[PDB]
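Numbering (PDB author numbering), first residue to last: 1 to 122.
Don't be surprised by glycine CBs; every beta carbon is placed ideally from N, CA and C.
In what follows, a structure is listed as structure tokens, so that the remarks can point back to it.
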Amino acid sequence: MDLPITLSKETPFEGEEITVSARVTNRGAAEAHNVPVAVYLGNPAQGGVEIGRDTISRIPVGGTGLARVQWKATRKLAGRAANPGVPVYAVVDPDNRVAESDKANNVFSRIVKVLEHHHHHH
Numbered sequence: 001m002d003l004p005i006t007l008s009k010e011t012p013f014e015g016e017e018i019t020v021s022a023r024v025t026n027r028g029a030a031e032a033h034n035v036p037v038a039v040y041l042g043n044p045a046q047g048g049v050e051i052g053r054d055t056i057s058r059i060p061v062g063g064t065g066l067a068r069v070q071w072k073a074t075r076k077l078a079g080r081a082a083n084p085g086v087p088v089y090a091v092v093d094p095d096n097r098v099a100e101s102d103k104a105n106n107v108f109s110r111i112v113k114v115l116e117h118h119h120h121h122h
């Protein structure tokens with residue numbers, strides 16, 4: 001039912017640009033403003049990196065925000081194709097200075113597999 005994360009992986013093909021979008025839910029009880037998004041591929045424990053961001057004009061109460069970001073898929077190694085290893089993670093700006101347990105509530109991520117094959121014969 002429209003997952004928090006939707007990729008433009010309409011045509012499964014490694015080395016294709018995919019649209020990474022994260023649905024941000026406006027909580028609290030008042031109209032929120034200045035709610036940017038920072039996406040980074042990998043784990044925060046090692047050392048993630050920012051790919052891009054987009055500040056929204058404004059998000060209404062009881063509503064949700066929708067950002068648009070593009071990223072180039074690339075992680076091939078000419079070996080072990082029977083496994084992705086390219087997960088996706090996204091985090092929303094801290095609406096409460098510092099709070100892991102809280103932020104850890106608005107966390108979303110899904111695994112995706114890429115098809116690798118070619119037509120034989122001719």
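For residue 8, no beta strand (DSSP E) segment is defined, and its DSSP state is neither H nor E. Per the Cβ contact rule, the stretch 55 to 63 is in contact with the stretch 32 to 43 (3 or more Cβ pairs under 8 Å).
Just so you know, the alpha carbons of residue 101 and residue 44 end up roughly 15 Å apart.
Here residue 66 really is in contact with residue 21; their C-beta atoms are around 6 Å apart, less than 8 Å.
It is roughly 10 Å from the alpha-carbon of residue 17 to the alpha-carbon of residue 69. Ranked by how close their Cα comes to the Cα of residue 82, the residues 73, 115 and 88 have 115 in first place. With fewer than 16 other beta carbons inside 10 angstroms of its own, residue 49 counts as exposed. Inter-residue distance for residue 24 and residue 30 is about 15 Å (C-alpha atoms, whole angstroms). When secondary structure is reduced to three states using DSSP, residue 101 falls in the helix class.
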